[PDB]
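Notes follow the structure.
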Amino acid sequence: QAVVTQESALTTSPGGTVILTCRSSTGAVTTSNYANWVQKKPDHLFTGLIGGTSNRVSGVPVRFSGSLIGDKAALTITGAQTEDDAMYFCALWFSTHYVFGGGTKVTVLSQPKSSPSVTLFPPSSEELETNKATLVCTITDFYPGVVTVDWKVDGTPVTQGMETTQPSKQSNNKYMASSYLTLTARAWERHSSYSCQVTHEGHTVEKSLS
């Protein structure tokens with residue numbers, strides 16, 4: 001029953017024009033879909049930006065504008081600022097209900113890119129008595145806030161036992177995240193190759209113990 005799709009992410013420098021868009025599976029988006037654009041900053045409230053396709057909510061800056069590009073809705077940010085780094089969701093009316101999009105993560109660059117600082121902490125002494133094993137891979141101080149974590153054992157990736165958190169913001173305005181590996185206690189002694197990779201902006205840093 002009707003899905004609404006928008007771009008996953010967009011990246012611009014402070015002052016670039018960005019055009020987010022909102023797509024409907026049922027067909028052309030019209031004024032009768034009453035497009036709504038809402039914005040979520042971290043540690044902030046939700047803020048409505050646009051109602052009724054183009055009617056702008058009172059109090060939001062002049063850079064935000066809503067329109068219909070072809071058969072799909074659009075939100076243009078002309079001259080983006082460092083505070084516009086946020087998630088932008090769109091909602092369409094389908095006669096009896098509103099459907100939200102997946103949201104677009106609009107990233108504005110605020111500092112020079114910093115490569116992630118990574119640590120690999122071993123299964124503690126008491127862990128192995130519980131017949132279990134936990135390996136902690138700590139990542140901090142990277143920008144922008146997107147990494148991929150892959151664990152590897154003896155040339156083989158470990159799709160089992162991973163649990164990676166999402167990037168969170170600390171005080172220095174960078175980002176931070178963690179990745180946990182949970183096997184049995186006989187596993188920490190059994191194998192010997194335990195590798196943690198962190199891929200950030202195309203570059204792979206690694207930490208490994210034996």
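Just so we're on the same page: first chain in the structure tokens is A, next is B, and so on; residues restart at 1 for each chain, and ligands are numbered from 1 in the order they show up.
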Subject >> Sel. of strand (DSSP E) residues, region 32-168 of chain A, as an MDAnalysis selection string >> reply: chainID A and resid 36:40 46:51 55:56 64:69 72:77 86:93 98:100 104:108 117:121 132:142 148:153 156:157 162:164
**OP:** Find the residues around residue 149 (chain A) up to 12 Å (only C-alpha atoms counted), leave out those fewer than 3 positions away in its own chain, and share them as a ChimeraX atom specification.
**Re:** /A:116,118,136-139,146,152,157-159,162-167,177-181,195-200,203-207
Put those residues in a file: N, CA, C and O atoms, as a tab-separated table (two decimals), in the first residue's frame.
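As a result, result28.tsv now contains:
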```tsv
chain	number	residue	atom	x	y	z
A	116	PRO	N	39.77	7.55	11.54
A	116	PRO	CA	39.33	7.00	12.83
A	116	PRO	C	40.49	6.44	13.64
A	116	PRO	O	41.39	5.78	13.11
A	118	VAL	N	41.34	3.73	16.35
A	118	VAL	CA	40.73	2.44	16.63
A	118	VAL	C	41.58	1.67	17.64
A	118	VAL	O	42.81	1.69	17.58
A	136	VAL	N	36.26	-6.47	21.79
A	136	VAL	CA	35.71	-5.13	21.63
A	136	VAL	C	36.58	-4.35	20.66
A	136	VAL	O	37.81	-4.32	20.81
A	137	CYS	N	35.96	-3.72	19.67
A	137	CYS	CA	36.66	-2.89	18.69
A	137	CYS	C	36.09	-1.49	18.79
A	137	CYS	O	34.93	-1.25	18.42
A	138	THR	N	36.90	-0.57	19.29
A	138	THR	CA	36.52	0.79	19.64
A	138	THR	C	36.98	1.77	18.56
A	138	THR	O	38.13	1.71	18.13
A	139	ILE	N	36.09	2.67	18.15
A	139	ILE	CA	36.38	3.62	17.08
A	139	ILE	C	35.95	5.01	17.54
A	139	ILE	O	34.80	5.20	17.95
A	146	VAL	N	30.76	8.15	9.11
A	146	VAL	CA	30.38	6.91	8.45
A	146	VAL	C	31.60	6.01	8.33
A	146	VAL	O	32.62	6.39	7.74
A	152	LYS	N	37.49	-10.38	10.76
A	152	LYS	CA	38.12	-11.38	9.91
A	152	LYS	C	38.86	-12.38	10.78
A	152	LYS	O	39.52	-12.00	11.74
A	157	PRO	N	36.01	-13.74	6.60
A	157	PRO	CA	35.19	-12.74	7.30
A	157	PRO	C	34.20	-13.40	8.25
A	157	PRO	O	33.71	-14.50	7.99
A	158	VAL	N	33.92	-12.71	9.35
A	158	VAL	CA	33.08	-13.25	10.41
A	158	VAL	C	31.75	-12.52	10.32
A	158	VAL	O	31.54	-11.47	10.94
A	159	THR	N	30.82	-13.08	9.55
A	159	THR	CA	29.46	-12.57	9.51
A	159	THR	C	28.66	-12.98	10.75
A	159	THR	O	27.54	-12.50	10.95
A	162	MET	N	29.00	-10.45	15.14
A	162	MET	CA	29.21	-9.01	15.14
A	162	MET	C	28.01	-8.29	15.74
A	162	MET	O	26.91	-8.84	15.83
A	163	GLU	N	28.26	-7.07	16.22
A	163	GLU	CA	27.21	-6.14	16.66
A	163	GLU	C	27.85	-4.76	16.68
A	163	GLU	O	28.61	-4.44	17.60
A	164	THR	N	27.56	-3.96	15.66
A	164	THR	CA	28.15	-2.64	15.51
A	164	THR	C	27.12	-1.57	15.84
A	164	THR	O	25.98	-1.65	15.38
A	165	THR	N	27.52	-0.59	16.65
A	165	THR	CA	26.66	0.53	16.98
A	165	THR	C	26.68	1.57	15.87
A	165	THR	O	27.53	1.55	14.97
A	166	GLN	N	25.75	2.49	15.95
A	166	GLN	CA	25.74	3.55	14.95
A	166	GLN	C	26.63	4.71	15.39
A	166	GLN	O	26.85	4.90	16.59
A	167	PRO	N	27.16	5.48	14.45
A	167	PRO	CA	28.03	6.61	14.83
A	167	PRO	C	27.28	7.62	15.68
A	167	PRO	O	26.18	8.06	15.34
A	177	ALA	N	31.94	5.26	17.47
A	177	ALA	CA	31.15	4.04	17.35
A	177	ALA	C	31.95	2.85	17.85
A	177	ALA	O	33.17	2.93	18.03
A	178	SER	N	31.25	1.74	18.07
A	178	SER	CA	31.86	0.52	18.59
A	178	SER	C	31.36	-0.69	17.82
A	178	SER	O	30.31	-0.65	17.17
A	179	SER	N	32.12	-1.78	17.92
A	179	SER	CA	31.75	-3.04	17.30
A	179	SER	C	32.19	-4.17	18.22
A	179	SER	O	33.35	-4.24	18.63
A	180	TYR	N	31.25	-5.06	18.54
A	180	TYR	CA	31.49	-6.14	19.48
A	180	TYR	C	31.45	-7.47	18.74
A	180	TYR	O	30.68	-7.64	17.79
A	181	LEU	N	32.29	-8.41	19.17
A	181	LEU	CA	32.32	-9.76	18.63
A	181	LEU	C	32.09	-10.73	19.79
A	181	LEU	O	32.78	-10.64	20.81
A	195	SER	N	41.08	-10.18	13.34
A	195	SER	CA	41.40	-8.93	12.67
A	195	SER	C	40.17	-8.03	12.66
A	195	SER	O	39.07	-8.49	12.33
A	196	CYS	N	40.36	-6.76	12.99
A	196	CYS	CA	39.30	-5.76	12.94
A	196	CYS	C	39.69	-4.71	11.92
A	196	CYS	O	40.74	-4.06	12.07
A	197	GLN	N	38.88	-4.56	10.87
A	197	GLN	CA	39.09	-3.51	9.89
A	197	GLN	C	38.04	-2.43	10.08
A	197	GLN	O	36.89	-2.71	10.45
A	198	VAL	N	38.45	-1.18	9.85
A	198	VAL	CA	37.55	-0.03	9.85
A	198	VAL	C	37.81	0.71	8.55
A	198	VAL	O	38.91	1.25	8.35
A	199	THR	N	36.83	0.72	7.66
A	199	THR	CA	36.92	1.43	6.40
A	199	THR	C	36.19	2.76	6.54
A	199	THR	O	34.98	2.79	6.81
A	200	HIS	N	36.93	3.85	6.36
A	200	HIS	CA	36.42	5.21	6.48
A	200	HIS	C	36.89	5.99	5.26
A	200	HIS	O	38.09	6.06	5.00
A	203	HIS	N	39.56	4.48	3.00
A	203	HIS	CA	40.81	3.99	3.58
A	203	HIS	C	40.52	3.02	4.71
A	203	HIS	O	39.63	3.25	5.54
A	204	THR	N	41.28	1.93	4.75
A	204	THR	CA	41.07	0.85	5.71
A	204	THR	C	42.19	0.88	6.75
A	204	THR	O	43.37	0.75	6.41
A	205	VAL	N	41.81	1.06	8.01
A	205	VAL	CA	42.74	0.92	9.12
A	205	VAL	C	42.44	-0.41	9.80
A	205	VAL	O	41.31	-0.91	9.76
A	206	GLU	N	43.47	-1.02	10.38
A	206	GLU	CA	43.32	-2.36	10.95
A	206	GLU	C	43.95	-2.42	12.33
A	206	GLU	O	44.95	-1.76	12.60
A	207	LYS	N	43.33	-3.21	13.21
A	207	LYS	CA	43.95	-3.58	14.47
A	207	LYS	C	43.71	-5.07	14.71
A	207	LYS	O	42.62	-5.59	14.44
```
**OP:** Would you kindly return, as an NGL selection string, each protein, DNA or RNA residue with an atom no farther than 9 Å from any atom of residue 194 (chain A), considering only C-alpha atoms and excluding same-chain residues fewer than 4 positions away?
**Re:** :A and (151-154 or 188 or 207-210)
**OP:** Do a neighbour search on residue 40 (chain A) at 6 Å with only C-alpha atoms, toss out local chain neighbours closer than 6 positions, and write the hits as a VMD selection string.
**Re:** chain A and resid 46 86 to 87
**OP:** Tell me, in Å to one decimal, how far CA of residue 185 (chain A) is from CA of residue 148 (chain A).
**Re:** 26.0 Å
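Backbone DSSP assigns helix (DSSP H, G or I) in region 154-201 of chain A to residues 185, 186, 187, 188, 189 and 190 of chain A.
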I want to know what sits within 7 Å of residue 101 (chain A), based on only C-alpha atoms, with residues of the same chain fewer than 5 positions away left out; could you give that as a PDB file with N, CA and C atoms, in the first residue's frame?
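Result written to result13.pdb:
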```
ATOM      1  N   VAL A   4       7.065   5.314  -0.283  1.00  0.00           N
ATOM      2  CA  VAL A   4       7.645   6.610  -0.608  1.00  0.00           C
ATOM      3  C   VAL A   4       9.152   6.483  -0.460  1.00  0.00           C
ATOM      4  N   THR A   5       9.886   6.815  -1.519  1.00  0.00           N
ATOM      5  CA  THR A   5      11.331   6.652  -1.551  1.00  0.00           C
ATOM      6  C   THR A   5      12.011   8.004  -1.704  1.00  0.00           C
ATOM      7  N   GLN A   6      13.090   8.202  -0.952  1.00  0.00           N
ATOM      8  CA  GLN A   6      13.966   9.352  -1.115  1.00  0.00           C
ATOM      9  C   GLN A   6      15.413   8.884  -1.043  1.00  0.00           C
ATOM     10  N   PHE A  89      12.897  14.007   6.303  1.00  0.00           N
ATOM     11  CA  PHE A  89      11.861  13.067   5.913  1.00  0.00           C
ATOM     12  C   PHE A  89      10.750  13.790   5.165  1.00  0.00           C
ATOM     13  N   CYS A  90      10.135  13.068   4.236  1.00  0.00           N
ATOM     14  CA  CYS A  90       9.015  13.561   3.453  1.00  0.00           C
ATOM     15  C   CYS A  90       7.819  12.648   3.667  1.00  0.00           C
ATOM     16  N   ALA A  91       6.632  13.244   3.692  1.00  0.00           N
ATOM     17  CA  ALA A  91       5.391  12.526   3.942  1.00  0.00           C
ATOM     18  C   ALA A  91       4.369  12.909   2.885  1.00  0.00           C
TER      19      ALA A  91
END
```
Subject >> Surrounding residues of residue 14 (chain A) excluding itself and chain neighbours under 2 positions, 12 Å, only C-alpha atoms, as a PyMOL selection string >> reply: chain A and resi 11-12+16-18+77-85+106-111
Just the selected residues (N, CA and C atoms), exported as a PDB file, in the first residue's frame, please.
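Output (out10.pdb):
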```pdb
ATOM      1  N   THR A  11      25.741  14.900   0.394  1.00  0.00           N
ATOM      2  CA  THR A  11      26.861  15.576   1.037  1.00  0.00           C
ATOM      3  C   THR A  11      27.206  16.837   0.257  1.00  0.00           C
ATOM      4  N   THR A  12      27.399  17.944   0.974  1.00  0.00           N
ATOM      5  CA  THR A  12      27.733  19.214   0.348  1.00  0.00           C
ATOM      6  C   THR A  12      28.607  20.026   1.290  1.00  0.00           C
ATOM      7  N   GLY A  16      26.535  25.166  -0.461  1.00  0.00           N
ATOM      8  CA  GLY A  16      26.081  24.536  -1.675  1.00  0.00           C
ATOM      9  C   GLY A  16      24.577  24.341  -1.687  1.00  0.00           C
ATOM     10  N   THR A  17      24.010  24.405  -2.888  1.00  0.00           N
ATOM     11  CA  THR A  17      22.593  24.140  -3.074  1.00  0.00           C
ATOM     12  C   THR A  17      22.370  22.636  -3.151  1.00  0.00           C
ATOM     13  N   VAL A  18      21.413  22.136  -2.375  1.00  0.00           N
ATOM     14  CA  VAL A  18      21.071  20.720  -2.373  1.00  0.00           C
ATOM     15  C   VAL A  18      19.599  20.586  -2.732  1.00  0.00           C
ATOM     16  N   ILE A  77      17.476  23.392  -0.691  1.00  0.00           N
ATOM     17  CA  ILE A  77      18.196  24.164   0.312  1.00  0.00           C
ATOM     18  C   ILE A  77      19.260  24.947  -0.447  1.00  0.00           C
ATOM     19  N   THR A  78      19.032  26.247  -0.620  1.00  0.00           N
ATOM     20  CA  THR A  78      19.929  27.102  -1.389  1.00  0.00           C
ATOM     21  C   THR A  78      20.886  27.793  -0.426  1.00  0.00           C
ATOM     22  N   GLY A  79      22.167  27.454  -0.516  1.00  0.00           N
ATOM     23  CA  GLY A  79      23.136  27.974   0.429  1.00  0.00           C
ATOM     24  C   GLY A  79      23.014  27.297   1.778  1.00  0.00           C
ATOM     25  N   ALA A  80      23.320  26.002   1.819  1.00  0.00           N
ATOM     26  CA  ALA A  80      23.213  25.244   3.056  1.00  0.00           C
ATOM     27  C   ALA A  80      24.210  25.752   4.089  1.00  0.00           C
ATOM     28  N   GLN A  81      23.850  25.596   5.358  1.00  0.00           N
ATOM     29  CA  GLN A  81      24.674  26.052   6.466  1.00  0.00           C
ATOM     30  C   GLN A  81      25.131  24.863   7.302  1.00  0.00           C
ATOM     31  N   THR A  82      26.038  25.144   8.243  1.00  0.00           N
ATOM     32  CA  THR A  82      26.619  24.086   9.062  1.00  0.00           C
ATOM     33  C   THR A  82      25.602  23.443   9.999  1.00  0.00           C
ATOM     34  N   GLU A  83      24.481  24.108  10.265  1.00  0.00           N
ATOM     35  CA  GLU A  83      23.449  23.560  11.132  1.00  0.00           C
ATOM     36  C   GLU A  83      22.426  22.717  10.383  1.00  0.00           C
ATOM     37  N   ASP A  84      22.397  22.790   9.053  1.00  0.00           N
ATOM     38  CA  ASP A  84      21.456  22.008   8.262  1.00  0.00           C
ATOM     39  C   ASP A  84      21.850  20.540   8.142  1.00  0.00           C
ATOM     40  N   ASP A  85      22.973  20.130   8.732  1.00  0.00           N
ATOM     41  CA  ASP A  85      23.365  18.722   8.768  1.00  0.00           C
ATOM     42  C   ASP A  85      22.355  17.941   9.598  1.00  0.00           C
ATOM     43  N   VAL A 106      21.447  14.519   5.127  1.00  0.00           N
ATOM     44  CA  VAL A 106      22.168  15.606   4.476  1.00  0.00           C
ATOM     45  C   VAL A 106      23.344  15.981   5.368  1.00  0.00           C
ATOM     46  N   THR A 107      24.547  15.725   4.862  1.00  0.00           N
ATOM     47  CA  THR A 107      25.794  15.967   5.570  1.00  0.00           C
ATOM     48  C   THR A 107      26.442  17.226   5.012  1.00  0.00           C
ATOM     49  N   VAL A 108      26.657  18.214   5.869  1.00  0.00           N
ATOM     50  CA  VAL A 108      27.434  19.394   5.520  1.00  0.00           C
ATOM     51  C   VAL A 108      28.783  19.273   6.217  1.00  0.00           C
ATOM     52  N   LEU A 109      29.858  19.532   5.477  1.00  0.00           N
ATOM     53  CA  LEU A 109      31.190  19.368   6.042  1.00  0.00           C
ATOM     54  C   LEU A 109      31.486  20.505   7.004  1.00  0.00           C
ATOM     55  N   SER A 110      31.870  20.151   8.231  1.00  0.00           N
ATOM     56  CA  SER A 110      32.120  21.133   9.271  1.00  0.00           C
ATOM     57  C   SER A 110      33.572  21.210   9.710  1.00  0.00           C
ATOM     58  N   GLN A 111      34.356  20.151   9.532  1.00  0.00           N
ATOM     59  CA  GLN A 111      35.762  20.158   9.891  1.00  0.00           C
ATOM     60  C   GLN A 111      36.520  19.349   8.841  1.00  0.00           C
TER      61      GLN A 111
END
```
For the contact check between region 102-123 of chain A and region 20-24 of chain A, emit one row per residue of region 102-123 of chain A within 10 Å, containing the shortest atom pair and the distance in Å rounded to one decimal, counting only C-alpha atoms, chain then rising number order, as CSV.
```
residue,atom,partner,partner_atom,distance
A:102,CA,A:22,CA,9.7
A:103,CA,A:22,CA,9.3
A:104,CA,A:20,CA,7.6
A:105,CA,A:20,CA,9.9
A:106,CA,A:20,CA,8.8
```
**OP:** Excluding residue 26 (chain A) and residues on its chain fewer than 4 positions from it, collect all residues at most 10 Å away from it, counting only C-alpha atoms, and give them as a list in words.
**Re:** residues 1, 2, 3, 4 and 94 of chain A
Can I get the selected residues back with C-alpha atoms, as a CSV table (one decimal), in the first residue's frame?
```csv
chain,number,residue,atom,x,y,z
A,1,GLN,CA,0.0,0.0,0.0
A,2,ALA,CA,2.1,2.8,-1.4
A,3,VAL,CA,5.8,3.3,-0.6
A,4,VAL,CA,7.6,6.6,-0.6
A,94,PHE,CA,-2.8,8.9,0.1
```
**OP:** Mind giving me the straight-line distance from CA of residue 64 (chain A) to CA of residue 43 (chain A) in Å, one decimal?
**Re:** 21.1 Å
Original post:
Can you tell me how far CA of residue 47 (chain A) sits from CA of residue 169 (chain A), in Å to one decimal?
Top reply: 20.1 Å
Subject >> Among the residues A:143, A:88, A:95, A:176, the one that comes closest to residue 41 (chain A) [using only C-alpha atoms] >> reply: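 When distances to residue 41 (chain A) are compared using only C-alpha atoms, the smallest one comes from A:88.
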